Protein chains: 2
Amino acid sequence: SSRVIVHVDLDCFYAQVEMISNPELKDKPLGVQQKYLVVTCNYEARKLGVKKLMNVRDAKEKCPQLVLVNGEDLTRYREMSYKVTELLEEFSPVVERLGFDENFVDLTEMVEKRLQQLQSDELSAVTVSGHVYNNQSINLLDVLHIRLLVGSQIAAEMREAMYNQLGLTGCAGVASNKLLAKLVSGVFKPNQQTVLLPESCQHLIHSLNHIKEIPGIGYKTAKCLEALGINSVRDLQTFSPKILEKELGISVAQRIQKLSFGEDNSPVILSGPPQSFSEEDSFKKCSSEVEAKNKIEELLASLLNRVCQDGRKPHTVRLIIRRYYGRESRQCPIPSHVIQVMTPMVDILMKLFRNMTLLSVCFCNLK
Amino acid sequence: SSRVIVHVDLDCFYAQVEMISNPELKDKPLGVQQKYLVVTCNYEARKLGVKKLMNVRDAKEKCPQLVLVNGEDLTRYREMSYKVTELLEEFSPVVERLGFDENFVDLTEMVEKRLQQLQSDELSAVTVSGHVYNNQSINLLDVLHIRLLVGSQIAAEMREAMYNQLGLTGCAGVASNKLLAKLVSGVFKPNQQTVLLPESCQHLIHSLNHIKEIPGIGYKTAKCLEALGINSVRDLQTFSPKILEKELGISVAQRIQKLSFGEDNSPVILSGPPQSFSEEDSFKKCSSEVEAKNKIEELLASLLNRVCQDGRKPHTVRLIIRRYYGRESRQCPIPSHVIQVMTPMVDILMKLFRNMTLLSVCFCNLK
DNA sequence: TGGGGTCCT
DNA sequence: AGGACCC
DNA sequence: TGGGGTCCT
DNA sequence: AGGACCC
């Protein structure tokens with residue numbers, strides 16, 4: 001029943017991609033910006049206060065030496081993202097993407113195939129590659145420890161190949177399910193890896209400071225957990241199954257309570273090609289109304305080329321909005337013959353507009 | 001590009017299935033009932049006024065000689081339904097179900113495979129099997145007429161095999177798309193078949209008396225069409241694309257307007273095994289409230305056995321309701337280990353009940 | 001106006 | 001989750 | 001608080 | 001269609 005999962009997490013991904021394109025930014029503290037935000041920055045900058053998602057100003061007045069590059073156009077990041085995934089796919093086919101810079105790979109079959117290949121002998125010489133989560137002692141006679149170590153060896157090879165073939169660094173974490181692998185991948189933050197032995201599971205999960213830090217617990221369930229008194233991971237573990245059942249509903253509840261013990265049975269799912277391609281414009285005050293379909297000609301132009309390329313054709317169009325959490329969409333089929341340019345598409349987007357701080361087009365339901 | 005589609009439509013299906021089970025009903029006018037309704041009756045009864053979906057009383061006082069059988073339990077009808085479909089599948093694999101008693105089969109490849117097998121000779125001796133829609137003359141030199149005739153030959157073989165192997169009669173209609181095949185299957189009503197030549201398409205579509213008779217136009221779009229003045233099929237054909245576009249939305253509108261010309265590009269889709277299994281109880285006044293989960297133990301019992309059997313296991317449960325058009329549901333996952341009896345299931349159905357004229361359970365999302 | 005079932009938003 | 005379609 | 005993306009109800 | 005999650 002037991003699995004060996006690796007979580008691969010690329011360091012400051014857009015900044016890496018930009019640092020490869022312009023090497024005069026390598027030494028220099030680098031911010032990648034979108035509108036008013038600094039969405040990511042390389043190491044040099046991070047250390048001098050720049051962070052997470054700061055202002056192009058609250059972030060410049062915490063570091064004047066800031067280089068900025070625009071990363072609103074996601075194209076190159078998207079391409080390198082799939083290069084990474086394809087590369088992990090070549091190790092083992094079942095790879096799951098999470099955003100552009102994370103991948104889970106189920107290494108179970110591969111770890112076993114290596115283990116069967118060793119003679120009862122070199123097995124005593126199995127070693128770990130990278131850190132062991134809470135500096136825990138390894139027991140070479142524990143079959144689960146041996147498998148996880150062989151998994152940390154695959155992980156280090158994924159990272160070496162990602163570096164040698166694509167020029168990217170990143171972290172990895174090896175554990176027995178996706179929750180834990182992703183929790184432990186970030187213990188040694190910059191370009192390192194960690195393996196979690198079973199005995200330190202509670203240590204890792206109790207090292208969290210709030211239940212929002214558990215992947216799967218979002219902005220909204222966390223506010224509901226709070227309203228109940230639940231704040232630490234231990235409060236969640238010990239809370240009444242009943243009340244939570246009856247309050248977040250059986251599904252959400254009996255799932256996030258397992259997560260609070262480090263238990264998570266969800267399989268790594270094969271992502272394969274994307275289910276949709278969409279593009280957005282942000283702009284606060286700026287869409288008057290009707291005139292700003294011009295906007296609508298551009299996301300199309302961009303998208304059309306991308307949609308093209310993949311080969312597969314979209315059979316659904318969608319348009320999205322906000323005014324001054326709440327966004328609206330209208331969907332419709334894409335007329336069959338127009339599948340097989342812009343012209344009629346703009347038109348069907350323009351009643352999808354009229355039946356109805358930002359605008360987007362999505363191509364969904366590819367075939 | 002051109003297709004040959006057959007629509008197979010079983011005569012008074014539940015009554016046939018019951019007439020096979022109890023032959024002392026064969027001569028006798030037979031109603032199959034559910035609650036207060038006579039949902040179907042065989043020929044003998046139909047002719048003496050009994051119809052469609054009448055009262056067990058407004059229908060008995062239009063015919064006192066009525067035998068009634070209960071057909072609330074859909075089990076045997078459901079089994080014979082799939083026997084029919086499997087039998088048509090053996091002619092050509094792409095068969096689409098519509099309710100328990102209709103199937104579309106795309107005969108295009110099969111008609112061509114027969115045509116290639118004939119020598120330039122016997123081709124002049126191709127004949128039709130059954131009626132030609134508006135008594136239209138056949139042109140043996142028209143390649144579309146020849147294909148449709150070979151399609152009426154496949155149809156007659158489907159009907160003979162359905163009769164010889166399963167003991168069921170029914171109608172068939174052969175045409176160039178599903179709209180037309182289904183429109184023309186019912187021209188000769190009891191146990192006969194009709195083939196539609198292209199030149200009589202407008203005749204058939206204008207023989208309709210209201211646009212609700214066009215398959216795809218339902219209760220709600222028909223009321224909207226009315227509100228616009230649109231009543232005949234010809235009003236719909238001639239109505240402003242624009243207004244209708246802008247009023248039912250581009251998708252519904254540009255689709256039902258094509259239908260009003262007899263044009264319909266939708267493929268016959270392979271139904272294969274069912275996407276869900278559900279059971280219902282009706283009862284007006286009767287669910288007090290909480291106590292009537294007892295109800296909830298039964299639909300389960302029934303369902304569990306069925307779900308079992310198919311082999312494939314449901315990963316989603318759902319519960320449905322109405323109070324005194326509008327029904328409510330709550331869905332949730334089925335706990336993994338309980339996939340692999342009743343006990344915990346009733347329980348997860350009973351919070352799905354408490355977060356919340358009739359009740360039902362659905363097993364969906366089989367795997 | 002039963003007792004099913006499918007796909008779309 | 002709910003609407004809309006079909007039998 | 002960008003500019004993407006996925007699955008569920 | 002909209003909510004909820006993740007990066």
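Within every chain, numbering begins at 1; the chains are lettered A, B, ... in the order of the sequence lines, protein sequences first and strands thereafter. Worth knowing before you read on, the calculation uses all heavy atoms, side chains too, and leaves out hydrogens, waters and symmetry mates.
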Peer 1: When the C1' atoms of E:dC8 and D:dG2 are considered, how many whole Å apart are they?
Peer 2: 14 Å
Peer 1: Choose from C:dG2, E:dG4, E:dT6 the nucleotide whose nearest atom is closest to any side-chain atom of A:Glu279.
Peer 2: E:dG4
Peer 1: Apply side chain to side chain contact (heavy atoms under 4.5 Å, CB included) to B:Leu74 and B:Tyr14, showing your working.
Peer 2: CA-CA 9 Å; B:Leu74 303 195; B:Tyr14 296 177; 3.9 Å; yes
Peer 1: Which nucleotide wins on minimum distance to the side chain of A:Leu74, given the candidates E:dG3, F:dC6, C:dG5?
Peer 2: E:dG3
Peer 1: For F:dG3 and C:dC7, is it a pair or not, if I count Watson-Crick and G-U wobble only and require both distances under 3.5 Å?
Peer 2: no
Peer 1: Please tell me if B:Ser329 has a side-chain N or O lying less than 4.0 Å from either OP1 or OP2 of D:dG2.
Peer 2: yes
Peer 1: In whole angstrom, give the distance that lies between atom CD1 of B:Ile256 and atom P of C:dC8.
Peer 2: 18 Å
Peer 1: Expressed in angstrom and rounded to an integer, what is the separation of A:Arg306 atom CZ from E:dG3 atom P?
Peer 2: 14 Å
Peer 1: Is there a Watson-Crick or G-U wobble pair linking D:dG2 and C:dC8, both distances under 3.5 Å?
Peer 2: yes
Peer 1: Taking only the side-chain nitrogens and oxygens of A:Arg322, find out if one of them lies under 4.0 Å from OP1 or OP2 of E:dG2.
Peer 2: yes
Peer 1: What's the closest nucleotide to the side chain of B:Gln34 if the choices are F:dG2, D:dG2, C:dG3?
Peer 2: C:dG3
Peer 1: Can you check the A:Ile320 CD1 to F:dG3 P distance for me, whole Å?
Peer 2: 12 Å
Peer 1: Has B:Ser278 got a side-chain N or O lying under 4.0 Å from the OP1 or OP2 atom of C:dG5?
Peer 2: yes
Peer 1: Are B:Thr221 and D:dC5 close enough that a side-chain N or O sits under 4.0 Å from OP1 or OP2?
Peer 2: yes
Peer 1: Let me know the distance between CZ of A:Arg318 and P of C:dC8, rounded to the nearest Å.
Peer 2: 13 Å
Peer 1: State whether A:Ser282 places a side-chain N or O below 4.0 Å from either non-bridging phosphate oxygen (OP1 or OP2) of E:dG2.
Peer 2: yes
Peer 1: For the CG atom of B:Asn103 and the CG atom of B:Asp9, what is their distance to the nearest 0.5 Å?
Peer 2: 9.5 Å
Peer 1: What's the CD1-P distance between A:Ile211 and F:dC5, to the nearest Å?
Peer 2: 11 Å
Peer 1: Without decimals, in angstroms, what is the distance between B:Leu248 CG and C:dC8 P?
Peer 2: 18 Å
Peer 1: I want to verify a distance call: between E:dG2, C:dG2, C:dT6, whose nearest atom is closest to the A:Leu53 side chain?
Peer 2: E:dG2
Peer 1: For B:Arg306, is there an ion pair with B:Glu279 - N to carboxylate O distance below 4.0 angstrom?
Peer 2: yes
Peer 1: Only one of A:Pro314, A:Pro273, A:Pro274 clears side chain to side chain contact (heavy atoms under 4.5 Å, CB included) with A:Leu366; which?
Peer 2: A:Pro314
Peer 1: Is the shortest side-chain N/O distance from A:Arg78 to OP1 or OP2 of E:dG4 below 4.0 Å?
Peer 2: yes
Peer 1: Just to verify, what does A:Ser276 make a side-chain contact (heavy atoms from CB on, under 4.5 Å) with, not counting sequence neighbours?
Peer 2: A:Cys362, A:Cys364
Peer 1: For a quick test of reading the model: is some side-chain N or O of B:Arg327 closer than 4.0 Å to OP1 or OP2 of C:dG4?
Peer 2: no
Peer 1: On DNA chain C, check which nucleotide each of B:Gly71 and B:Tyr82 is closest to and give me the residue with the more 5' one.
Peer 2: B:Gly71
Peer 1: Output the rounded distance in Å from OH (A:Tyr14) to P (E:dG3).
Peer 2: 10 Å
Peer 1: What is the separation between atom NZ on B:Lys223 and atom P on D:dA4, rounded to the nearest whole Å?
Peer 2: 14 Å
Peer 1: It should be established whether A:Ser360 places a side-chain nitrogen or oxygen under 4.0 Å from OP1 or OP2 of nucleotide E:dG4.
Peer 2: no
Peer 1: Of the listed nucleotides (E:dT6, C:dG2, D:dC5), which one gets closest to any side-chain atom of B:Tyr219?
Peer 2: D:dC5
Peer 1: Would you mind telling me which of B:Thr85, B:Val8, B:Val84 makes a side chain to side chain contact (heavy atoms under 4.5 Å, CB included) with B:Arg97?
Peer 2: B:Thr85
